[PDB]
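# Breakdown of the fold
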Amino acid sequence: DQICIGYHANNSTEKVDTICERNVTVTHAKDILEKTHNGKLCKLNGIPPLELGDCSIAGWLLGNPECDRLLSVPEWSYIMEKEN
Amino acid sequence: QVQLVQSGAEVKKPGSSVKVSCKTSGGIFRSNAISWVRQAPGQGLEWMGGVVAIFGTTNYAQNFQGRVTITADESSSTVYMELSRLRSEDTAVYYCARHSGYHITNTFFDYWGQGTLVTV
Amino acid sequence: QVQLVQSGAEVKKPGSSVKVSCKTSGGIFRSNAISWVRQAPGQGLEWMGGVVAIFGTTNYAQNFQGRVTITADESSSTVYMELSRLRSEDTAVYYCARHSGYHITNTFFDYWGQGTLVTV
Amino acid sequence: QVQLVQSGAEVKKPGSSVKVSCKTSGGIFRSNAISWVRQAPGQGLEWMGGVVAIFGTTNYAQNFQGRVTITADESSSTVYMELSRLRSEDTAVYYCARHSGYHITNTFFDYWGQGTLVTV
Amino acid sequence: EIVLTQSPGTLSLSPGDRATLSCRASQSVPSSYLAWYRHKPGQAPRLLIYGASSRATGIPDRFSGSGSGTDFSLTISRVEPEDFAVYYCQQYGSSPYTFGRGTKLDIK
Amino acid sequence: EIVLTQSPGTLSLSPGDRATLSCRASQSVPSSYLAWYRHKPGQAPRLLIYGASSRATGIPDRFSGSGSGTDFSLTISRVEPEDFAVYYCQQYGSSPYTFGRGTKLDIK
Amino acid sequence: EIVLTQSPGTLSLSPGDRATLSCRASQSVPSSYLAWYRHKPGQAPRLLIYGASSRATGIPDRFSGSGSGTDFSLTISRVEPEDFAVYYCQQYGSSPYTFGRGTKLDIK
Amino acid sequence: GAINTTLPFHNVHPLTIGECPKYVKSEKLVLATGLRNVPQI
Amino acid sequence: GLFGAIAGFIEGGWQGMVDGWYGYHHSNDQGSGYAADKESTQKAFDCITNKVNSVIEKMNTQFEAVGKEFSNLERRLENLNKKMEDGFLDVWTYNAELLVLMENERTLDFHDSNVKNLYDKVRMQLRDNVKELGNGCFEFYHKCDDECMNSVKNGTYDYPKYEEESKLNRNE
Amino acid sequence: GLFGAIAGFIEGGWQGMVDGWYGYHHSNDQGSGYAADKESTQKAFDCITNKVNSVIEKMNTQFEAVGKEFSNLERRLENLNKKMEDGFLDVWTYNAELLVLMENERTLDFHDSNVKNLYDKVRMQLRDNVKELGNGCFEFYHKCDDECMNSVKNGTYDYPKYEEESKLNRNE
Amino acid sequence: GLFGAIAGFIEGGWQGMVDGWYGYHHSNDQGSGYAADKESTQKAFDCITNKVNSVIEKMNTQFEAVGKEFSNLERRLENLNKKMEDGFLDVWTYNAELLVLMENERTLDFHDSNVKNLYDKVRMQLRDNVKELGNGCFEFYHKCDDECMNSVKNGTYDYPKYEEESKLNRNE
Ligand SMILES: *[C@@H]1O[C@H](CO)[C@@H](O)[C@H](O)[C@H]1NC(C)=O
Ligand SMILES: *[C@@H]1O[C@H](CO)[C@@H](O)[C@H](O)[C@H]1NC(C)=O
Ligand SMILES: *[C@@H]1O[C@H](CO)[C@@H](O)[C@H](O)[C@H]1NC(C)=O
Ligand SMILES: *[C@@H]1O[C@H](CO)[C@@H](O)[C@H](O)[C@H]1NC(C)=O
Ligand SMILES: *[C@@H]1O[C@H](CO)[C@@H](O)[C@H](O)[C@H]1NC(C)=O
Ligand SMILES: *[C@@H]1O[C@H](CO)[C@@H](O)[C@H](O)[C@H]1NC(C)=O
């Protein structure tokens, strides 16, 4: 008659880094870093953003003749502007 | 502050299957076993089955062996229950209950889901 | 850089009590036992008693048992002495000495207080 | 990304000594044993000796005992080789090789030095 | 398979009356693993007592229970307007994890 | 002192021919501690195979070897233009750390 | 209760004279737990030697002592103007923690 | 782009608007919830 | 292997141990099988659940970057804003990376300790009635049936009951 | 219990140990009583004194906030100054909270190690002349009076002296 | 001495250990000498080599200070720049000191663990054929020549081979 003490193992290949060891296989691991984005400019909390487009902030406020579509804008969650 | 959210009410026909989900919040990964208890109107609550927290071991009641398949995905911390071969008197309200520990045995239901009504 | 500050000089009358304090600096909490020794002018130093650092256990010399009461408060790191039933020949200079360790036994006095003169 | 840099080519005369260095990069302190091997043109590679990583213990081949002295400095992580009593047929290319472990025994040469040509 | 028989069934009371609910077991429940739940219709059941002698967190002090072997009981010293629902007792010391019949409390 | 004997010595081949290099030992190498190095003239020798059965990091898959006891071999299934150099077999299971004779590969 | 007897009592010297102070014990002090203190009047006493053979931190090298059993001594090789005070011997190997009588050093 | 996650860290872009997780420059952050994996004898 | 249990004197894990981190294996006349130690596993689950939750709360109040615009004559002001935001992100990146590495070392060592404690708990309970084979297994000097094995698993071994039988077999 | 001593095989503390962290309890014909281990307690006092003094010194050079005033046309400068102070106070708050949590785990584990070391020190000195009960106590196979008990407490046990007597009672 | 091996039951180091951190000393009829444990030493080297490399990489992205000039009407901006650079330097100085202090404690404790594991590995391998003297040395009940000693060092001790002989001398 025998009794033994042992520990759980499985077919996992998840690897984690420790203070003085790298690529240590563990039975279960959790990644807590998000690296994925849909790549689209969505609406925030259901409120569409303010898209200036080719028009600038000064152009919208000054009433630029080429920014006539911005003469009346509704509530916005954030403002979208170009680098130049 | 721990809550369990389930799917919506569903209507089915005999011979079809049901897929009731139960997502648990309050942490990154699920660390408590989740069981499924149903209540048929006019009848008392019955224990169907449960799944262990991390290891995924599943236990089923002898009444529902071969008809219930409980699975969980560690990525989304969600528990699914699949009842196949629907027949008469399978209309009931299904609750997902969270155990006090990581295992089904020797643990009680800390919290319950709001409940889903399924009609056949 | 460890210094022990005591109370000021006091004048008393036979039948009264005396309250001499000794505050220890150099740390948040007291880590060394503090003892009390007195010197009557024309006589040598005599050991009165001491208190362990954290546990507060107190030991007294057989000469002064029943008359001296050493207490400490962990909050303020202060040690007090209460010599009651003052009589003749109780005029002396009282010093508070800090032991080399947390316990009274097998420890020597690292630092001494400037001293307080008490007359009856 | 580990590289070993050696000294330049040297010309000597019989009766003199040669002082070849080998600096190892890739870390603050040397953690692998470094050995010296030479190749005389028309002849195969021969093992000369080596030095343990931290403890500085040195081993030499029986052919070159008493003529080669390998020393290392822990501050600069540099390994030096000193072959004295130069004679004929000592012209060869000397490489410094880094072992796979901290000790000479049971280790293979992971990386090799570019090599130094010494003529007598 | 332990079958749990709840005797009172229906218990009409008024705020202030002592409420005593009895849960009976066919065979002894190991380690006194029994729990009580409050299930107001249309709401998820809430855990009142676990272990037959320990109160759950956030539960008002009026809820308490005791028992051992095949006899367990739930006592509510003072009844409030929110203490009118169906009360179940389960045993979690055996594999089947059976449930009680349930007792609805009515308003007199 | 274990002496390592290499039989081919000169092996003229063309890109595509199978290259098989044999290293023979006068005594059994303990624990199969033998390694293969590639030494292009004018450049530092580089480690191909260690332990007679383990491929070093960064080595192209075409380089492989096997053996035990006193017989060891290096096999190159496909010869590339960069596989023309002198190949040495070294044993590191004995104290002297002897080296092989070396085999130069020529272009046909 | 171990009583400590200090023999010299009064020792008048001049800067440069060797100073030897002897402390005698009626009983053997366990583990050689004896200490020497310097007590200039109006100031807190300062620890010179602890353990009868170890110098306290910050103590000048001229202060040293030795002894064992019931015989202990403190030696000052070179006397400075600040070495004129009362010196006590304390034993801390016994429960009562007795003190020496003390010897004052005078100026010749 | 938009971020749809429950994790507490992200490394998409430092400039974010709304209820967003904390941005770090690390390439990966994996915690070990289980013990070490040792192959069966 | 800071405590020498995992990959130490217990050189291999168990694939049949599917309902817990840690537990026992027994083999006698009646049969053999595994049994997870639920109490030790639950205690391990408590630390890891709290350890991760503490991690989230600490970096809950991490520095947040806000875009700003500066003219061509405000180069010094713009550089201050750029170096402040980059510096704060570098500090918080270091703290997040270091905490994960430090906790991974702590978690792996914590799991190593629990086996050593579990192994020692059984050893100190079967003091003389078993042989310590040195590979994590104990061989009984007496007959230990399923009821006897279950007592060992839940820490209720009756050493005096088998004390006499064990020593007769141990001596010869 | 990382080392398994506190709340491990020694499941309860002692209320009679009033003059030290660690100690002994003996019971023989002459009498019984407690006795603290002053050497091990003193060593523990040294780490805690240095550990706390380490905490004070490191945050002695912590960032300090100074109030400033900005006009209504300096919103970017005012916001930039506000985020600098808030960011620094968040970094140092994280360091202070984390250091206390990390040191508390070390301090509790350090105390656990001291008992296991003190238990092992007695065990390796009483190799065979005592019987290990497994609950932190040793039972002698010979007669161990107060002079014998005191030798165990200060690490001067004479194993050869009782070697012959112990084996006679151990065998039968 | 968190694991009680260094300066614990092994009171002093060995000046004759010149080719490794950890090793053995044997003494029999043929002779005596030291022998280093290359495998355990190599594992220790890997941890320390990786420990330092991880330290360098983390502070590779440490804050950098750039000199700026401000006029006498920009005292608020100058003070803002001064406190930012001083504040970041204090944060990174604290991290560098704290990492060194904690890694030194970890390294010394890691070295203490390896001897306890090395001591236990031999003890669990010479289970009953040797005496445990308690000072880190084992005394054999049988004759253990150089070939027998080398089996102990590389973990290939044949306990059944000497099982019969050892018990004859142990009993009497
Ligand atoms: C791992 O895979 C093997 C087959 O390679 C299988 O026999 C074993 O059951 C698997 N283990 C688990 C835990 O799934
Ligand atoms: C760990 O694994 C990754 C991917 O397999 C690899 O890029 C990295 O170099 C490995 N690290 C070490 C130290 O081997
Ligand atoms: C986020 O992603 C999950 C899985 O891809 C998806 O189920 C969920 O609907 C997404 N959330 C939103 C708001 O689109
Ligand atoms: C432990 O298991 C045995 C079965 O052999 C049982 O008799 C005993 O009551 C159990 N102990 C506890 C505390 O449950
Ligand atoms: C330990 O205590 C005993 C008391 O029996 C005493 O004889 C012995 O000298 C002590 N050892 C030391 C080193 O003080
Ligand atoms: C261990 O050393 C002995 C020498 O007595 C040798 O016979 C044996 O082969 C060695 N084992 C291994 C695995 O090298």
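Residues numbered from 1 in each chain as written, not as in the entry; some residues may be left out. Chains lettered and ligands numbered in written order. Part of a larger assembly, values for the part shown. Heavy atoms only, no water.

## Some words on the site of ligand 5
Residue and element names in this part refer to chain J. What counts is decided by this rule: Residues are counted as near a molecule or strand when any one of their heavy atoms sits within 4 Å of it. A 3.5 Å cut-off defines polar contacts: any pair of N or O atoms within that distance qualifies, except that in protein one atom must be a possible hydrogen donor and the other a possible acceptor, and neighbouring residues in sequence count only when both atoms are side-chain atoms. Reported accessibility uses the Shrake-Rupley method at a 1.4 Å probe radius. Residues are deemed covered only where the shown protein chains occlude them. As a working rule, the residues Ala, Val, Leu, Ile, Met, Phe, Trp, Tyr, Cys and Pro are called nonpolar, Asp, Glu, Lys and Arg charged, and the rest polar, with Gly in that last group.
Around ligand 5, the surrounding shell consists of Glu147, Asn150, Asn154 and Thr156. Here an oxygen atom of ligand 5 sits 2.8 Å away from a polar atom, N or O, in the side chain of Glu147. For ligand 5, the accessible surface in isolation is 370 Å², of which the surrounding protein chains cover 42%. For the shell around ligand 5, a count of residues per class yields no nonpolar, 3 polar and 1 charged.

## Thoughts on the packing of helix α2 (residues 75-123) of chain I against helix α2 (residues 75-123) of chain K
Each pair of packed helices gets described by two things: the angle between the helix axes and the distance between those axes. Formally: Lines fitted to the C-alpha atoms define the axes, with helices restricted to the stretch that makes contact. Angles between their N-to-C directions range from 0 to 180 degrees. Helix and strand assignments follow DSSP, with helices taken as H or I runs no shorter than four residues and strands as E runs no shorter than two, numbered in order from the N terminus. Working rule for angles: under 35 degrees goes down as roughly parallel, over 145 as roughly antiparallel, 65 to 115 as roughly perpendicular, anything else as oblique. Rotating anticlockwise by less than a right angle from the far helix to the near helix defines a left-handed crossing, while the corresponding clockwise rotation defines a right-handed one. Should any heavy atoms of two residues lie within 4.5 Å, those residues are considered in contact.
Relative to each other, α2 of chain I and α2 of chain K sit at 15°, their axes nearing to 11 Å. In terms of orientation, α2 of chain I lies roughly parallel with respect to α2 of chain K. The two elements α2 of chain I and α2 of chain K meet at a crossing, and its hand is left-handed. Each of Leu77, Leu80, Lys83, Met84, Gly87, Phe88, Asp90, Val91, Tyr94, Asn95, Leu98 and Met102 of chain I in α2 of chain I lies in contact with α2 of chain K, whose residues at this interface are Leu77, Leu80, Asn81, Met84, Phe88, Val91, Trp92, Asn95, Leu99, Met102 and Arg106 of chain K. In terms of residue class, the contact of α2 of chain I with α2 of chain K is built from 16 nonpolar, 4 polar and 3 charged.

## As for the interface of chain A and chain H
Convention followed: Accessible area that two parts lose when put together, evaluated with a 1.4 Å probe and summed over both, is termed the buried area. Here, a salt bridge means any side-chain nitrogen of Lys or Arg that lies within 4 Å of a carboxyl oxygen of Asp or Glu.
Contact residues are listed per partner, giving 29 residues for chain A and 27 residues for chain H. Together chain A and chain H conceal approximately 2400 Å² of surface at their shared face, both sides included; 60% is due to carbon and sulfur atoms. For chain A, the biggest contributors to the area lost against chain H are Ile32, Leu33 and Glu34 of chain A; these three give 30% of the whole. On the surface where chain A and chain H come into contact, there are 1 salt bridge. The residue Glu21 of chain A makes a salt bridge to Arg36 of chain H at a minimum N-O spacing of 4.0 Å. Linking chain A to chain H there are 13 residue pairs in polar contact.

## A few points about empty space enclosed by the protein
Under the convention used in this document: Definitions used throughout: a 1 Å grid over protein atoms alone; a cavity as a set of points that fits a 1.4 Å probe which cannot get out; a pocket as an open set with protein on both sides within 12 Å along at least five of seven lines; a lining residue as one with an atom within 4 Å of a point. Grid points are joined across faces, edges and corners, and a volume is the space filled by probe spheres set on the points.
Scanning the model with the defined rule gives 4 cavities of 30 Å³ or more in all. Taken as a whole, the largest cavity encloses approximately 180 Å³ of empty space. Taken together, 15 residues make up the lining of the largest cavity; nearest its centre are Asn95 and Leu98 of chain I, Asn95 and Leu98 of chain J together with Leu98 of chain K. Classifying every residue of the lining of the largest cavity gives 12 nonpolar, 3 polar and no charged. By volume, the second largest cavity amounts to about 50 Å³.

## Things to note about the sheet that holds strand β4 (residues 34-39) of chain F
Residue and element names in this part refer to chain F. For clarity, the cut-off: Strands are treated as partners if at least two bridges between them are detected by DSSP.
In space, the 6 strands of this open sheet follow the order β2-β10-β9-β4-β5-β6, with mixed pairing throughout. Across the chains shown, the open sheet's two edge strands, defined by having one partner strand only, are β2 (10-13) and β6 (54-55). Across 4 bridges, the pairing between β2 and strand β10 (residues 103-107) is parallel. In the strand pairing of β10, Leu13 is matched with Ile107.

## Considering the site of ligand 6
Residues and elements named next belong to chain K. Neighbouring residues of ligand 6: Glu147, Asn150, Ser151, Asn154 and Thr156. In this structure, an oxygen atom belonging to ligand 6 sits 2.8 Å away from a main-chain N or O atom of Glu147. At 2.4 Å, a side-chain N or O of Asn154 approaches an oxygen atom of ligand 6. When isolated, ligand 6 has an accessible area of 370 Å², and the protein chains bury 41% of it.

## Describing the interface of chain K and chain I
Across the boundary between the two partners, chain K contributes 29 residues, which contact 25 residues of chain I. In this assembly, chain K and chain I are joined by 1 salt bridge. On the surface where chain K and chain I come into contact, there are 6 residue pairs in polar contact. Broken down by element, the residue count for the side of chain K that touches chain I peaks at 15 residues, all from α2 of chain K.

## Focus on the pairing of strand β7 (residues 68-73) of chain B
Residue and element names in this part refer to chain B. Pairing geometry for β7 and strand β8 (residues 78-83), over 6 bridges, is antiparallel. By the bridge assignment, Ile70 is partnered in β8 with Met81. Between β7 and β8, which follow one another and run antiparallel, lie 4 residues, and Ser77 among them has a positive phi close to 55°.

## Points about the pattern of salt bridges
Residues and elements named next belong to chain K. To be explicit about the condition: Buried residues are those whose accessible area, probed at 1.4 Å on protein chains only, stays under 20% of the maximum for their type, while exposed residues exceed 50% and partly exposed ones sit between those limits.
Inspection of the entire model under this criterion finds 50 salt bridges over all chains. Taking the shortest distance from any N to any O, the salt bridge between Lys143 and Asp29 comes out at 2.8 Å. Here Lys143, found in the loop between β4 (138-140) and α3 (146-153), pairs with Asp29, found in the loop between β1 (23-27) and β2 (32-36); they are 114 residues apart in sequence, far enough to count as distant. For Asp29, a relative accessible area of 66% translates into the label exposed. Put simply, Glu103 and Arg106 hold a salt bridge, and the shortest N to O gap is 2.7 Å.

## Topic: the relation of the copies chain K and chain I
Both copies of the chain are related by one operation, a rotation about an axis with a shift along it. To be explicit about the condition: The fitting set for superposing the copies is their C-alpha atoms, and the method is least squares.
For the pair chain K and chain I, the relating rotation is 120°, the translation along its axis is 0.0 Å, and the fit reaches an RMSD of 0.1 Å. The transformation relating the two chain copies, once decomposed into turn and shift, fits a three-fold axis. Closest approach to the rotation axis within chain K is made by the C-alpha atom of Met84 of chain K, at a distance of 4.2 Å.

## Quick word on the state of the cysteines
Just so we agree on the cut-off: Two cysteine sulfur atoms make up a disulfide if the distance between them is within 2.5 Å.
A full pass over the atoms with the stated rule returns 12 disulfides over all chains. Residue pairing for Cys23 of chain E: its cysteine sulfur links by disulfide to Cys89 of chain E, the two sulfurs lying 2.0 Å apart. Measuring the twist about the S-S bond at about 80°, one finds the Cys23 of chain E-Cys89 of chain E disulfide to be right-handed. A residue pair is termed long-range when its members are at least 10 positions apart, and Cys23 of chain E in strand β3 (residues 19-25) and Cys89 of chain E in strand β9 (residues 86-91) qualify at 66 residues. Residue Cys23 of chain E is classed as buried on the basis of its relative accessible area, which comes to 0%. Summary of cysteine pairing: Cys42 of chain A is not part of a disulfide, and the nearest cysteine sulfur, belonging to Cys20 of chain H, is at 12 Å.

## What about the sheet that holds strand β7 (residues 71-76) of chain G?
Residues and elements named next belong to chain G. Spatially, 4 strands are ordered β1-β2-β7-β6 in an open sheet, and the strand pairing comes out antiparallel. Each having just a single partner strand, β1 (4-6) and β6 (63-68) make up the two edges of the open sheet. When strand polarity is set aside, the average angle formed by the axes of neighbouring strands in this sheet is 20°. Two elements, β6 and β7, share 6 bridges in a ladder whose sense is antiparallel. Looking at the pairing, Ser66 lines up with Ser73 of β7.

## Digging into the environment of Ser17 of chain D
Residues and elements named next belong to chain D. Here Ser17 lies in the loop between β2 (10-11) and β3 (18-24). Separated by 103 residues in the primary sequence, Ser17 and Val120 place their C-alpha atoms 9.8 Å from one another. Residues within four places of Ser17 in sequence aside, it is in contact with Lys12, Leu83, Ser84 and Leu86.

## Observations regarding the side chain of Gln125 of chain I
All names here are of chain I. Here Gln125 lies in the loop between α2 and β3 (130-132). Accessibility expressed as a relative area gives 15% for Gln125, which makes it buried. Of note is the side chain of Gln125, whose polar atom sits 3.1 Å from the backbone nitrogen of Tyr157. In this structure, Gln125 is in contact with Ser151, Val152, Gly155, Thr156 and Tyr157, ignoring residues within four places of it in sequence.

## What about the UniProt feature "coiled-coil region" (unreviewed entry) in chain I?
Rule in force here: UniProt positions are given in the numbering used here, feature names are shortened, and annotations may be inferred rather than shown by experiment.
The UniProt record marks residues 56-90 of chain I with the feature "coiled-coil region" (unreviewed entry), using the residue numbering of this structure. End-to-end, the C-alpha atoms of residues 56-90 of chain I are 18 Å apart, and along that stretch the chain is 54% helix and 0% strand.

## Let's talk about the arrangement of the chains
One finds no contact between chain D and chain G; the C-alpha atoms of the two approach each other to within 34 Å at their closest. If you take every C-alpha in chain B and every C-alpha in chain J, the smallest gap between them is 20 Å, and the two do not touch.

## Some details on the nonpolar core
In summary, soluble globular proteins display a tendency toward joint burial of nonpolar side chains. Defined as follows: Residues enter a nonpolar core if they are buried and are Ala, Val, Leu, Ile, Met, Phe, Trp, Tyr or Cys, with the set joined through side-chain atoms within 4.5 Å.
Membership of the largest hydrophobic core comes to 132 residues, with the highest contact counts inside it found for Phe109 and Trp112 of chain B together with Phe140 of chain I. Among residues more than four places away in sequence, those in contact with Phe140 of chain I are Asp1, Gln2 and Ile3 of chain A together with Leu126, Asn129, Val130, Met149, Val152 and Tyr157 of chain I. Membership of the second largest hydrophobic core comes to 48 residues, among which are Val52 of chain D together with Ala25, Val79 and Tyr92 of chain F.

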